[PDB]
Amino acid sequence: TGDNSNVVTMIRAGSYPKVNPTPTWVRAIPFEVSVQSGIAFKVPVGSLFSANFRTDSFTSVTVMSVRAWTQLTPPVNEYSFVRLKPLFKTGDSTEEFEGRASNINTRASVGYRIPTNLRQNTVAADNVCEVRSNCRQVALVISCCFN
Amino acid sequence: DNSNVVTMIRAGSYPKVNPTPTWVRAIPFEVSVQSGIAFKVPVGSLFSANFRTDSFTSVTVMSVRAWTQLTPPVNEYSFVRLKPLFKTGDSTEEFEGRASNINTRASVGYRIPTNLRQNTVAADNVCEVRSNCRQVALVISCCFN
Amino acid sequence: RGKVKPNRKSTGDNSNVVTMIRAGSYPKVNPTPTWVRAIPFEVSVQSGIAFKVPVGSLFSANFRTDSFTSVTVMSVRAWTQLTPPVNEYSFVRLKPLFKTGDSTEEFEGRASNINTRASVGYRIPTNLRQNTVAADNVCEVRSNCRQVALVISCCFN
Amino acid sequence: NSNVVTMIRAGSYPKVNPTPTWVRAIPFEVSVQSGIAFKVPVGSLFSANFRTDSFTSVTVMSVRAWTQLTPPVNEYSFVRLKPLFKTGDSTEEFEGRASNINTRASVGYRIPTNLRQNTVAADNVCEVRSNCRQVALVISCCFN
Amino acid sequence: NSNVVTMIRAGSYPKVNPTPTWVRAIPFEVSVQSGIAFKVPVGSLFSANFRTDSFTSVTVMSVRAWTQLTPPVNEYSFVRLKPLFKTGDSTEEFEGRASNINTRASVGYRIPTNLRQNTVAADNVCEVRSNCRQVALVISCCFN
Amino acid sequence: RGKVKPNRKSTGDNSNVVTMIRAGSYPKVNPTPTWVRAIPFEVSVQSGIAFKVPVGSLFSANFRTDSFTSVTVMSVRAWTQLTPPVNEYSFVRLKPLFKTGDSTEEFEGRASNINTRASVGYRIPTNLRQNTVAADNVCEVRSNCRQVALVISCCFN
Amino acid sequence: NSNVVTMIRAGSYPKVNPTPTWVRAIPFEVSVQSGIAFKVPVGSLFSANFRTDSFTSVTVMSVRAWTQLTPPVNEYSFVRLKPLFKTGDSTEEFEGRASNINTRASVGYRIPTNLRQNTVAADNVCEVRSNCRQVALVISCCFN
Amino acid sequence: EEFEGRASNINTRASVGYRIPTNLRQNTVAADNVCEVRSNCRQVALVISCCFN
RNA sequence: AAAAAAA
RNA sequence: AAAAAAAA
RNA sequence: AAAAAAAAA
RNA sequence: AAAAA
RNA sequence: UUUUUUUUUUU
RNA sequence: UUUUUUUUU
RNA sequence: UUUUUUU
RNA sequence: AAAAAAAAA
RNA sequence: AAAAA
RNA sequence: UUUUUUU
RNA sequence: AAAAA
Ligand SMILES: [Cl-]
Ligand SMILES: [Cl-]
Ligand SMILES: [Cl-]
Ligand SMILES: [Cl-]
Ligand SMILES: [Cl-]
Ligand SMILES: [Mg+2]
Ligand SMILES: [Mg+2]
């Protein structure tokens with residue numbers, strides 16, 4: 001109804017505009033990490049830069065929120081759990097944001113938001129957070145802005 | 001927003017995710033053009049690391065805008081023409097724009113109606129450019145997928 | 001009231017002589033306050049090579065910003081300061097740079113008249129507005145014109 | 001709000017001024033002898049201690065004074081201000097006295113718009129009298 | 001109303017000024033020679049005859065003039081005023097003429113706020129011209 | 001907006017320092033503009049004879065009207081400048097004069113007190129307000145008083 | 001707000017407290033044995049793992065319990081809670097069962113305001129019974 | 001910046017304080033420094049409003 | 001409602 | 001909805 | 001709400 | 001919402 | 001702030 | 001009334 | 001308005 | 001109305 | 001309602 | 001509000 | 001409706 005045409009139509013363009021071949025890009029990047037029992041795993045910021053995510057052209061990224069799900073079943077007799085400790089170059093946190101499953105067959109999950117005042121860039125050498133989980137793998141979805 | 005520290009998120013089930021999403025983009029690039037000769041613009045010029053788009057193999061072109069990128073010949077006013085090209089059938093429209101000041105760029109563009117917005121691959125061509133200026137700058141509004 | 005007298009200040013904003021100020025307790029003072037500023041300055045650029053703009057350029061007599069050692073940059077605007085090569089329309093790119101991580105943006109503006117300055121700028125989000133010292137960099141500049149004019153909106157502190 | 005950089009569709013090159021003006025409250029102290037008036041020099045307003053050394057002229061709007069040290073024994077602090085001007089010094093002795101010996105005396109005065117001309121380092125703002133040996137000043141002024 | 005004294009629940013010692021300012025209309029005459037302009041000295045404003053001798057500087061707001069003596073034979077009185085300023089004398093000849101020989105000529109002029117700076121005894125307010133030998137002046141001014 | 005900074009102009013009509021003016025294209029100027037003026041001057045008259053007032057009297061240092069060679073006269077007012085003969089009440093007549101044709105009007109005013117100036121004037125209709133040069137005349141003046149004061153409302157151009 | 005530091009016109013020194021109170025939900029687990037009640041020690045709430053090693057007393061508000069491990073074969077998880085109080089233990093057996101063997105049982109109880117006195121590490125919150133060999137507790141309490 | 005505050009009674013404390021804008025509210029570890037303190041008084045009491053994490 | 005045009 | 005520590 | 005893109009009497 | 005009663 | 005040429009679907 | 005921690009609907 | 005992100 | 005006296009969230 | 005058009 | 005005074 | 005942003 002409110003459609004347009006079935007043919008090409010002239011554009012009365014004007015002065016050459018402002019342009020940017022390499023713009024920013026708000027993204028939710030999904031990737032997994034392996035975790036050993038009882039040992040915290042530091043999540044490298046570098047996992048976010050990759051051709052798998054179309055983000056290999058970026059070197060910096062502003063992480064906004066971190067969410068995590070256990071990716072494999074827990075040990076026998078156990079309910080899946082997962083923890084997150086936010087890491088920041090200006091000072092690591094000591095928080096242990098933990099989510100557990102209520103059904104052994106179900107993923108545990110938890111996440112944390114980064115306040116605006118702590119949303120600085122990070123590079124591949126930097127770490128996002130420590131992860132702990134009685135499951136050997138953890139799936140993460142990181143809401144981050146690539147720039 | 002007024003918060004100053006990390007806060008828990010009571011996340012739930014694992015979400016539907018997509019590591020290689022689409023991206024709506026305006027891609028600026030330039031092409032060399034010879035006097036009196038038409039130059040087919042390759043769609044492959046849109047897939048390059050310079051645009052963060054080498055990971056794409058297809059692109060739905062929406063609109064095309066061209067500006068003369070160099071001065072015109074002596075005594076002449078810049079001008080640039082576009083002939084949209086389509087795999088299903090090239091057009092014959094010559095959307096032409098002429099500068100009214102010799103020192104000023106000549107610009108023109110054309111929109112692709114929804115019914116012709118299919119994907120194009122690197123080997124495809126967007127449109128034929130013509131111009132008395134040896135280089136034409138192009139801004140192509142397109143959807144990478 | 002319960003009047004005294006003196007003075008001669010005629011109706012509010014129309015006094016012709018000095019008038020006493022019933023000042024009170026010594027206030028909170030600051031001899032060295034901050035200063036939000038639009039700093040104009042130029043940088044030289046070679047065709048094809050990036051030039052990292054030092055934050056130190058902002059601290060200078062020419063700007064009165066001498067006493068400062070740190071600055072919070074808000075936005076950066078750029079103009080080509082010189083004509084372009086023959087046959088060319090001016091252009092200028094800006095790549096923001098941060099200590100926590102350099103960006104890969106190339107905010108570019110081009111002139112539509114050869115005689116006219118190409119211009120472009122970019123805003124720094126609040127979450128990236130930390131201080132920067134002289135040794136720090138602001139942005140990479142590229143330009144077919146040999147000199148680029150910059151105006152940097154920042155807060156000195 | 002925005003979490004990444006955003007382009008600024010800037011335009012023509014604007015009107016700039018690398019050396020803009022500055023309205024300031026400049027605090028500084030002066031030494032005062034008993035019974036002797038001290039001519040406060042305008043030059044004390046120019047100094048890197050205030051970021052104002054890049055200035056050579058200043059428009060004084062108002063002047064406020066507080067005694068900076070205790071008064072003599074048995075005495076309540078006090079301070080006087082006599083506005084001075086290049087076109088003609090005034091004879092007003094704007095006085096303020098403490099009502100608690102342990103507390104500062106203060107007082108100040110406003111300069112009408114018609115007397116707000118520039119002054120230079122050589123010039124004098126006002127005479128200051130006080131039974132206290134030091135007087136803290138805060139001068140509202142426009143550096144230009 | 002009250003017919004006896006009543007206590008005043010006074011409080012802390014206020015801000016005082018023994019030598020305050022004063023806005024005044026100062027009348028005084030000046031001797032004028034035929035055809036010759038007379039520079040009216042600002043010093044005539046300072047005098048115990050006006051209670052203003054305690055002042056050394058004064059801000060002039062407006063100046064009014066009247067012829068103080070009769071004019072020549074066959075002539076109507078007249079008076080001229082040319083405002084004088086330290087930053088730059090003016091060239092206006094504000095004139096007023098009597099329409100009845102037996103009556104005074106007058107005229108005056110207002111000083112804009114931006115030219116109301118202090119003046120001292122040495123300075124001159126304005127030139128005065130008149131066919132009458134004396135000119136009565138009334139100067140609205142602020143003594144400070 | 002999209003802010004810069006500097007300055008210190010406090011609320012409209014209360015600035016204490018210089019403030020930048022974002023001037024633009026060079027305007028239309030005029031170094032020698034017109035000037036509408038009330039020109040006072042006196043003329044001498046003999047009892048019983050008319051005196052043609054020259055327009056040149058208006059161009060003079062004493063009026064700042066030096067640079068002008070032409071003037072459009074709007075209205076002419078006249079006053080007797082000196083006392084009348086013994087026993088007489090002052091009087092003054094004005095006969096307007098024009099290059100296209102002198103008028104035969106004698107606009108006359110008389111004093112009702114011997115001590116008082118007789119006064120009179122006349123307005124020139126728009127359709128007679130052409131320019132006049134020094135060699136031109138304005139009006140004939142008559143008066144039992146030997147000197148007549150004139151104030152001529154005109155436009156210099 | 002702004003992008004730079006701003007002065008705070010602070011006043012008199014305020015009332016301060018270096019060791020304030022803290023309202024918390026303390027998660028921790030306890031080992032349980034089949035058919036045997038386990039008394040939960042309040043002392044479990046005082047640990048550097050919870051940032052509460054600095055507290056020596058705590059007011060318990062509510063107690064919620066989940067089975068932390070799978071139940072025996074062919075059984076649905078269940079957990080009971082028997083509140084305990086120094087002034088007098090309760091006999092309530094607040095019990096929750098799982099309706100899906102693979103799902104946590106859960107239950108909890110509230111402590112009325114009149115029974116919310118302080119407890120120390122030696123005291124006991126409640127008895128826990130369960131067919132599961134570990135029970136996860138989350139105790140809402142005010143550390144003081 | 002030298003945010004200064006003085007007492008108007010010799011027997012009374014001088015105070016002053018400052019706020020950190022949001023764009024400068026990053027974390028700080030023990031090694032870091034908050035602010036320089038100057039005073040003609042031998043001991044300055046401080047009250048720092050902060051967010052531990 | 002699409003397209004070429006027109007103030 | 002509320003309580004506790006902190007800002008306004 | 002953020003990010004990229006996209007127009008007329 | 002940076003800097004003066 | 002009411003106004004050409006060819007198509008044409010619903011109303 | 002906003003930030004942080006916790007219950008309640 | 002259309003894409004990616006979070007309420 | 002004058003004079004003396006007499007208070008809180 | 002003391003002192004300036 | 002209560003005393004002394006006058007409307 | 002003569003002369004300044
Ligand atoms: Cl299930
Ligand atoms: Cl381009
Ligand atoms: Cl041009
Ligand atoms: Cl008064
Ligand atoms: Cl400003
Ligand atoms: Mg051209
Ligand atoms: Mg269980």
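As recorded in the entry header, the structure was determined using X-ray crystallography to a resolution of 2.94 Å.

Caption draft 1: Layout of the overall build of chain C. Looking only at helices and strands, chain C has 0 helices and 11 strands in total. Ordered by position from N to C terminus, the α and β elements of chain C give β-β-β-β-β-β-β-β-β-β-β. Taking 2.2 N^0.38 as the reference for a compact globule, 157 residues should give roughly 15 Å; the C-alpha atoms of chain C span a radius of gyration of 23 Å, well beyond that estimate. Dimensions of chain C, computed from the C-alpha atoms along their principal axes, are close to 80 × 35 × 25 Å. Relative to its 157 residues, chain C shows a buried fraction of 62%. Restricting to contacts in chain C with at least 6 residues of sequence separation, those with at least 24 account for 75%. Charge separation in chain C, taken as the distance between the mean sites of 20 positive and 10 negative side-chain charges, equals 18 Å.

Caption draft 2: Region of the structure containing the protein's contact with RNA strand O. Taken together, the residues surrounding RNA strand O are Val26, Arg27, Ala28, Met64, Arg67 and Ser143 of chain A together with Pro21, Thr22, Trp23 and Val24 of chain B. A distance of 3.2 Å separates a phosphate oxygen of RNA strand O from a polar side-chain atom of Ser143 of chain A. Between RNA strand O and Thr22 of chain B there is a distance of 2.6 Å, counted from a sugar or linking oxygen to a side-chain nitrogen or oxygen. When contributions to the surface near RNA strand O are tallied by element, the ones reaching two or more residues are strand 3 (25-34) and strand 5 (61-70) of chain A together with strand 2 (23-32) of chain B. Examining the composition of the surface near RNA strand O, we find that 3 residues originate from one element, strand 3 of chain A, more than from any other. Tallied by class, residues from the surface near RNA strand O come to 6 nonpolar, 2 polar and 2 charged.

Caption draft 3: The coordination of the magnesium ion (ligand 7), seen in detail. Looking at the magnesium ion (ligand 7), one finds its protein donor set to be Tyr79 of chain A (OH), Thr67 of chain G (OG1), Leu69 of chain G (O) and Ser77 of chain G (OG), positioned 2.5 to 2.7 Å from the metal centre. Of the two residues, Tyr79 of chain A is situated in the loop between strand 5 and strand 6 (81-86) and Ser77 of chain G in the loop between strand 4 (58-67) and strand 5 (78-83); the pairing between them involves two chains. On the accessibility criterion, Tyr79 of chain A (2% relative accessible area) is buried. Of the residues examined, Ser77 of chain G reaches a relative accessible area of 0% and is grouped as buried.

Caption draft 4: Structural detail: the interface of chain A and chain B. Contacts between the two partners involve 51 residues from chain A, matched on the other side by 51 residues from chain B. Here chain A meets chain B over a buried area of about 4100 Å², counting both sides, of which 58% is carbon and sulfur. Sorting the residues of chain A by area buried against chain B places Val8, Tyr16 and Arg54 of chain A first, and these three jointly supply 20% of that buried surface. Joining chain A to chain B, the criterion identifies 1 salt bridge. Notably, a salt bridge pairs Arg113 of chain A with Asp1 of chain B, separated by 3.3 Å at the nearest N-O pair. Connecting chain A to chain B are 24 residue pairs in polar contact. Split by residue class, the side of chain A that touches chain B holds 26 nonpolar, 16 polar and 9 charged. One ladder, built from 3 bridges, connects strand 1 (residues 9-11) of chain A with strand 7 (residues 107-111) of chain B; its direction is antiparallel. Its bridge partner lying in strand 7 of chain B, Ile11 of chain A is registered against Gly109 of chain B.

Caption draft 5: Examining the sheet that holds strand 1 (residues 15-16) of chain E more closely. Reading across the sheet, the 5 strands line up as 3(D)-9(D)-5(D)-6(D)-1(E) and stay open at both edges, with antiparallel pairing between neighbours. At either margin of the open sheet sits one strand with a lone partner, and together these are strand 3 (38-41) of chain D together with strand 1 of chain E. In terms of strand pairing, strand 5 (residues 78-83) of chain D meets strand 6 (residues 94-97) of chain D through 4 bridges, oriented antiparallel. Note that in strand 6 of chain D the partner of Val79 of chain D across the bridge is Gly96 of chain D.

Caption draft 6: How the structure looks around the nonpolar core. Ranked by internal contacts, the top residues of the largest apolar core, which has 69 residues, are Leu58 of chain C together with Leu45 of chain D. Excluding residues that lie within four positions of it along the chain, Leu45 of chain D makes contacts with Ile26, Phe28, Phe50, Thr52, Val58, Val60, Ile139, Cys141 and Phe143 of chain D. Within the second largest apolar cluster, 67 residues are counted, among which are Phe49 and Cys144 of chain A together with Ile112 and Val136 of chain B.

Caption draft 7: Spatial organisation of the coordination of the magnesium ion (ligand 6). The protein atoms donating to the magnesium ion (ligand 6) are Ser78 of chain B (N), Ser78 of chain B (OG) and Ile102 of chain B (O), with metal-donor distances spanning 2.6 to 2.7 Å. Residue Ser78 of chain B is located in the loop between strand 4 (59-68) and strand 5 (79-84), and its partner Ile102 of chain B is located in the loop between strand 6 (95-98) and strand 7; the two are separated by 24 residues in the primary sequence.

Caption draft 8: Spotlight on the packing of aromatic side chains. A complete count under the given rule lists 28 aromatic pairs over all chains for this structure. Considering the side-chain rings of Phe49 of chain A and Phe146 of chain A, the 5.8 Å spacing of their centres and the 85° angle between planes classify their relative orientation as edge-to-face. Remark: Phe146 of chain A occurs in strand 11 (residues 137-146) and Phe49 of chain A occurs in the loop between strand 4 (41-44) and strand 5; sequence separation between them is 97 residues. Taken as a pair, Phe49 of chain A and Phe146 of chain A share a single burial class, namely buried. With 5.9 Å between their ring centres and 20° between their planes, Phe94 of chain G and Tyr109 of chain G make a pair best called stacked. Placement of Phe94 of chain G in strand 6 (residues 94-97) and of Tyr109 of chain G in strand 7 (residues 106-110) is noted, with a sequence separation of 15 residues between them. Here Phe94 of chain G falls in the partly exposed class, since its relative accessible area comes to 33%. Since its relative accessible area comes to 5%, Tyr109 of chain G is described here as buried. In this structure an aromatic cluster arises from ring pairing among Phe49, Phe58 and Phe146 of chain A.

Caption draft 9: Seen up close, the interface of chain D and chain F. Taken together, the 12 residues of chain D in the interface contact 9 residues of chain F. Interface area for chain D against chain F, summed over the two sides, is near 920 Å², with a carbon-plus-sulfur share of 61%. The largest share of the area that chain D buries against chain F comes from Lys15, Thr21 and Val23 of chain D, three residues that together contribute 52% of it. Counting every contact that joins chain D to chain F gives 0 salt bridges. Among the secondary structure elements, those contributing two or more residues to the side of chain D that touches chain F are strand 2 (22-31) and strand 4 (57-67) of chain D. Per-class residue counts for the side of chain D that touches chain F are 6 nonpolar, 4 polar and 2 charged.

About the thresholds
- Residues numbered from 1 in each chain as written, not as in the entry; some residues may be left out.
- Chains lettered and ligands numbered in written order.
- Part of a larger assembly, values for the part shown.
- Heavy atoms only, no water.
- Helix = DSSP H or I, 4+ residues; strand = E, 2+ residues; numbered from the N terminus.
- Rg over C-alpha atoms; globule rule 2.2 N^0.38 Å.
- Buried < 20%, exposed > 50% of the residue type's maximum accessible area, 1.4 Å probe, protein only.
- Contact = heavy atoms within 4.5 Å.
- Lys, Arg positive; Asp, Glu negative; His and termini not counted.
- Charge placed at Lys NZ, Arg CZ, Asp CG, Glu CD.
- Near = heavy atom within 4 Å.
- Polar contact = N/O pair within 3.5 Å; in protein donor to acceptor, adjacent residues only side chain to side chain.
- Nonpolar A, V, L, I, M, F, W, Y, C, P; charged D, E, K, R; others polar.
- Donors = N, O, S within 2.8 Å, 3.2 Å for Na, K, Ca; no water.
- Buried area = accessible area lost by both parts, 1.4 Å probe.
- Salt bridge = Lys/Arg side-chain N within 4 Å of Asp/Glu carboxyl O.
- Pairing = 2+ DSSP bridges.
- Core = buried A, V, L, I, M, F, W, Y, C linked by side-chain atoms within 4.5 Å.
- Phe/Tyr/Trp six-rings, centres within 6.5 Å; stacked < 30°, edge-to-face > 60°.

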